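# Survey of secondary and tertiary structure
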Amino acid sequence: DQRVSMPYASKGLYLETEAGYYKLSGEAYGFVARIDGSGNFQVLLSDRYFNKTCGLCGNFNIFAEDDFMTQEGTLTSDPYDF
Amino acid sequence: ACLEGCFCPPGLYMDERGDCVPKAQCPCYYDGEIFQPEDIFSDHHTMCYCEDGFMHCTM
Ligand SMILES: *[C@@H]1O[C@H](CO)[C@@H](O)[C@H](O)[C@H]1NC(C)=O
Ligand SMILES: [Ca+2]
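About the criteria used
Residues numbered from 1 in each chain as written, not as in the entry; some residues may be left out. Chains lettered and ligands numbered in written order. Part of a larger assembly, values for the part shown. Heavy atoms only, no water. Helix = DSSP H or I, 4+ residues; strand = E, 2+ residues; numbered from the N terminus. Buried < 20%, exposed > 50% of the residue type's maximum accessible area, 1.4 Å probe, protein only. Contact = heavy atoms within 4.5 Å. Donors = N, O, S within 2.8 Å, 3.2 Å for Na, K, Ca; no water. Polar contact = N/O pair within 3.5 Å; in protein donor to acceptor, adjacent residues only side chain to side chain. Salt bridge = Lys/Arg side-chain N within 4 Å of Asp/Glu carboxyl O. Pairing = 2+ DSSP bridges. Axes fitted to C-alpha atoms, helices over the stretch in contact; angles between N-to-C directions.

Structure determination for this PDB entry was carried out by cryo-EM, with a resolution of 3.29 Å recorded in the header.

### A few points about the overall build of chain B
Secondary structure summary: chain B contains zero helices and seven strands in total. Secondary structure elements of chain B, listed N to C terminal, follow the sequence β-β-β-β-β-β-β. Principal-axis analysis of the C-alpha atoms places the extent of chain B at approximately 45 × 25 × 15 Å. Taking all 59 residues of chain B together, the buried fraction comes to 19%. Of the contacts formed within chain B by residues at least 6 apart in sequence, a portion of 16% connects residues at least 24 apart.

### Description of the coordination of the calcium ion (ligand 2)
Taken together, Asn59 of chain A (O), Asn59 of chain A (OD1), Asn61 of chain A (OD1), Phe63 of chain A (O) and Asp67 of chain A (OD) make up the full set of protein donors to the calcium ion (ligand 2), lying 2.5 to 3.1 Å away. Coordination of the calcium ion (ligand 2) draws on donor residues from a single chain, spaced N-x1-N-x1-F-x3-D in sequence.

### Quick notes on the side chain of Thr46 of chain B
All names here are of chain B. Looking at the element boundaries, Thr46 is found in the loop between β5 (39-41) and β6 (47-50). Polar contacts involving the side chain of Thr46 include one to the main-chain carbonyl oxygen of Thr58, which spans 2.9 Å. Excluding its chain neighbours within four sequence positions, the residues that come into contact with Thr46 are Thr58 and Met59.

### Remarks on the pattern of salt bridges
In the structure shown here, the tally under the stated rule is three salt bridges over all chains. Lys23 of chain A is paired through a salt bridge with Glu16 of chain A; the nearest N and O atoms lie 3.3 Å apart. Relative accessible area serves as the criterion here: at 26%, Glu16 of chain A is assigned to the partly exposed category. One salt bridge in this structure joins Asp52 of chain B and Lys23 of chain B, with 2.4 Å as the shortest N-O distance. Placement of the pair is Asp52 of chain B in the loop between β6 and β7 (55-58) and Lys23 of chain B in the loop between β2 (20-21) and β3 (28-30), with a sequence separation of 29 residues.

### Some points on the sheet that holds β6 of chain B
Within a sheet, adjacent strands bond to each other through the backbone by hydrogen bonds, running parallel or antiparallel. Residue and element names in this part refer to chain B. Spatial ordering of the open sheet is given by β5-β6-β7, a layout of three strands whose pairing is antiparallel. Strands at the two margins of the open sheet, each flanked by one partner only, are β5 and β7. Sheet twist, expressed as the average angle between the axes of neighbouring strands with direction ignored, equals 10 degrees. With three bridges joining them, β5 and β6 adopt antiparallel strand pairing. Each residue of the ladder has a partner; that of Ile40, found in β6, is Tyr49.

Encoded structure:
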């Protein structure tokens, strides 16, 4: 809840600005986030979590149809209740 | 038919406990079971929830 300044680098999380756009790197933990001026979240993530990370950006598999596996684990046809 | 008695305005629907309420906290009666207005609900194979009075089941 304490507002900090920027940039910021604690706990292996460099919180930087690149190309006038804000960045959050976690290369130890294998991810790089960022935002643009308008607001467009982006998440770069390694190959280490292939068929692991299940969430709102779906699994990191090859397929694209089966990447709605709910918090229970259920292939759903709706992109909404998921 | 068009009967006579004690009703309450259309925005309000009847609750079991004598008052009538909007459809926000109007429970569901799935399989007889009186579920509260927010009760996420599932066996292994189905998936079901009560939103505003209606019981939204899926599979
Ligand atoms: C992903 O992992 C699951 C659970 O272990 C396994 O059932 C499935 O075959 C794997 N799929 C791929 C593409 O490796
Ligand atoms: Ca996928």
